[PDB]
Amino acid sequence: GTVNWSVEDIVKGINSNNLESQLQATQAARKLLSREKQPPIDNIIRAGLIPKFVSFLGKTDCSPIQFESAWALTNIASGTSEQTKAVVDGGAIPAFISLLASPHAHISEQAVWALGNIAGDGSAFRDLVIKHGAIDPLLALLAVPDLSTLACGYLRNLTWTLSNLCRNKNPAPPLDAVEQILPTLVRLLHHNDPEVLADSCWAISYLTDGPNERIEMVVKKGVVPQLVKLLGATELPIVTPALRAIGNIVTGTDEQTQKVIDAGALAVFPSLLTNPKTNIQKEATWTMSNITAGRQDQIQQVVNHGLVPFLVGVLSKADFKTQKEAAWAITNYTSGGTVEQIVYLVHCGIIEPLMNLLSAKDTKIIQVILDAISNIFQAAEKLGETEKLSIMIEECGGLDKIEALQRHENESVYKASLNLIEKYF
Amino acid sequence: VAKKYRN
């Protein structure tokens, strides 16, 4: 019946004066626009159909055409920015927000989905959806005693839409919308469905990607222990955003970082720093670098949790980007740590893989590593042990590498080298 | 992905 129509036939039906003919034609459009490959989105836009779909959203008397037109527009809105823009330009936003109240679950769900694609386009559309008042009726759909009674697909869509309202920066979402959304997100973060959990963690990761004030508003909600728990999940799609959120939190203040440690996070790092997914090791090591940038009592906790040998491991062998994060974690540990914490680092065997990484063609990591060596030499001075360290650096071939570096392009680099060379070698 | 097409 409505399979494989041409655009011209769809146009003909939609322009007929006959609501049933318009409904069949709209459903045909929904079918073109939902096919597996190359849906003809631009052809539908160019035929001028968006304004007719939008006014069909308002047909309370004909719920099937509301659904077909909502689904058609969702898919248009799922494409490029210019395509999402055409949906918005047709007035879709307030019309979808009014469908949130529909007594028909499949229809308010479609409106949720459409609004998520719109808000998902970027900050300006996200904030426009919020100005049109989307958040109150979105949140009313989740106002039930027990999330478990909602259909699973429906809750997943709501969660994902709310996370798009939390997403993007420049600017970040309005502080008041974030405050409005957060209690419902905290509730979603304790739900048992893995996709709900993954998207709740993504939303939390967006909200903590910002200055300390933004981080604080999340941390004040008490979510950190739940995040650390998800950090332990067996599902990679949950671990990845849980770890991103935890990593974002530890770029905040030392007190915000302490909440992550207090919640047990460090005990998960032995598995994270050896995780077979490269991106998990990289972001675990990034996270560690922002903890070793903390107070000496926080460095101490990294030590007590047995994590220095794990840093030595990733420095010795890892994808290069993870290794660059490990080099940072080490330079941070060495500028902030006590002499005894620094001595410990050397006893776990940091020197040889630090030196091996001096052969990399990345000026930044070379800078980072010479800073670290200089820091470690500073500790050895206070102990009168600079010579013991010079030799260690000699024996694993580090001296060769530092010498060469005198003849290096960069200023810090050849500057940093000559200094160590002339100071201890 | 920020956007999702309904198949």
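Methodologically, a virtual Cβ is constructed for each residue, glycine included, from the backbone with ideal geometry; neighbour enumeration extends over all protein chains shown. Every number here is computed from the coordinates shown, using simple stated rules; none is lab data.
Which ³J(HN,Hα) values in Hz, rounded to whole numbers, follow from the phi angles of region A:184-191 under the Karplus curve 6.51 cos²θ - 1.76 cosθ + 1.60, where θ = phi - 60° and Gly and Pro get x?
7, 4, 4, 5, 5, 5, 9, 7
Take the Cα of residue A:321, step 7 Å along the line toward its Cβ, and report every residue of region A:253-276 whose backbone nitrogen sits under 20 Å from that point.
Taking a point 7 Å out along Cα→Cβ of residue A:321, the residues of region A:253-276 whose backbone N falls under 20 Å are A:272-276.
Mind pulling the angle between the C-alpha long axis of helix A:411-424 and the longest principal axis of chain A? Nearest 10 degrees, somewhere in 0 to 90.
For A:411-424 against chain A, the angle is about 30 degrees.
Cross-link list A:364/A:388; A:31/A:52; A:59/B:4; A:31/B:3; A:221/A:259: which exceed 21 angstrom alpha carbon to alpha carbon? Write down the numbers at each step before the final one.
Numbers: A:364/A:388 27 Å; A:31/A:52 17 Å; A:59/B:4 25 Å; A:31/B:3 19 Å; A:221/A:259 12 Å.
Exceeds cut-off: A:364/A:388; A:59/B:4.
Expressed as a rounded percentage, what relative contact order does region A:71-214 have, with Cα pairs under 8 Å and six or more residues apart? List each step's numbers first, then the result.
Details: 164 pairs, mean separation 30.0, N = 144.
With pairs under 8 Å counted, the relative contact order is 21 percent.
For chain A, which span is the longest to avoid every loop-located (per DSSP) member of trypsin sites (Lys or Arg not before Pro) having at most 16 other Cβ atoms inside 10 Å?
Details: sites that count: A:35, A:37, A:59, A:169, A:220, A:277, A:295, A:317, A:361, A:407.
That gives A:60-168 as the longest site-free run.
What length, rounded to one decimal in nm, is gained on full extension from residue A:404 through to residue A:140, with 0.36 nm per residue of separation minus their alpha-carbon distance? Don't skip to the answer; put the middle values down first.
Values: separation 264, 0.36 × 264 = 95.04 nm, distance 6.58 nm.
Extra length available between residue A:404 and residue A:140 comes to 88.5 nm.
Select from region A:1-85 those GluC sites (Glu not before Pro) which occupy a DSSP coil region and have at most 16 other Cβ atoms within 10 Å, ordered by residue number. Kindly include the intermediate steps, with their values, before the conclusion.
Details: sites: A:8, A:20, A:36, A:68, A:82; in loops: A:36.
In loop regions of region A:1-85 (DSSP not H, G, I, E or B), the sparsely surrounded GluC sites (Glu not before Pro) are A:36.
How many percent of all Cα-Cα pairs in chain A sit more than 37 Å apart? Let's see the in-between values first.
Working: 37645 of 90100 pairs.
Distances greater than 37 Å cover 42 percent of the Cα pairs.
Step through the residues of region A:21-33 one at a time and calculate ³J(HN,Hα) from phi using the Karplus curve (6.51 cos²θ - 1.76 cosθ + 1.60, θ = phi - 60°), rounding each to whole Hz and writing x for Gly and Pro.
For region A:21-33, the Karplus-derived couplings read 4, 4, 5, 4, 4, 5, 5, 3, 4, 4, 5, 3, 7 Hz, x marking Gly and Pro.
Restricting to DSSP loop positions (anything but H, G, I, E, B) with no more than 16 other Cβ atoms inside 10 Å of their own Cβ, which GluC sites (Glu not before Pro) remain in region A:382-425?
A:385, A:409
Considering Cα pairs under 8 angstrom that are at least six residues apart, work out the relative contact order of chain A and quote it in whole percent.
Details: 576 pairs, mean separation 29.7, N = 425.
About 7 percent, as a whole number.
When only Cα pairs under 8 Å and 6 or more residues apart are kept, what is the percent relative contact order across region A:22-125?
About 26 percent, as a whole number.
Measuring from label point to label point, each 7 Å out along Cα→Cβ, what is the residue A:414 to residue A:360 span in nm?
Each label point is offset 7 Å from its Cα along the Cβ direction, giving 2.3 nm.
Quick one: 3J(HN,Hα) in Hz for region A:362-369, Karplus 6.51/-1.76/1.60 with θ = phi - 60°, rounded, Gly and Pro as x.
8, 5, 4, 4, 5, 3, 3, 5
Within region A:291-305, list the residues whose amide N lies under 18 Å from a label point set 7 Å along Cα→Cβ of residue A:338.
A:292-305
Given the Cα-Cα distance of residue A:220 and residue A:105 and 0.36 nm per residue of separation, how much length would full extension add, in nm? Intermediate values should be presented prior to the final figure.
Working: separation 115, 0.36 × 115 = 41.40 nm, distance 3.43 nm.
Gain in length upon complete extension: 38.0 nm.
Sketch the reach of a paramagnetic label on residue A:170 as a point 7 Å from Cα along Cα-to-Cβ, and name the residues of region A:107-122 whose backbone nitrogen lies under 20 Å away.
The answer is A:119-122, whose backbone nitrogens lie closer than 20 Å to the label point.
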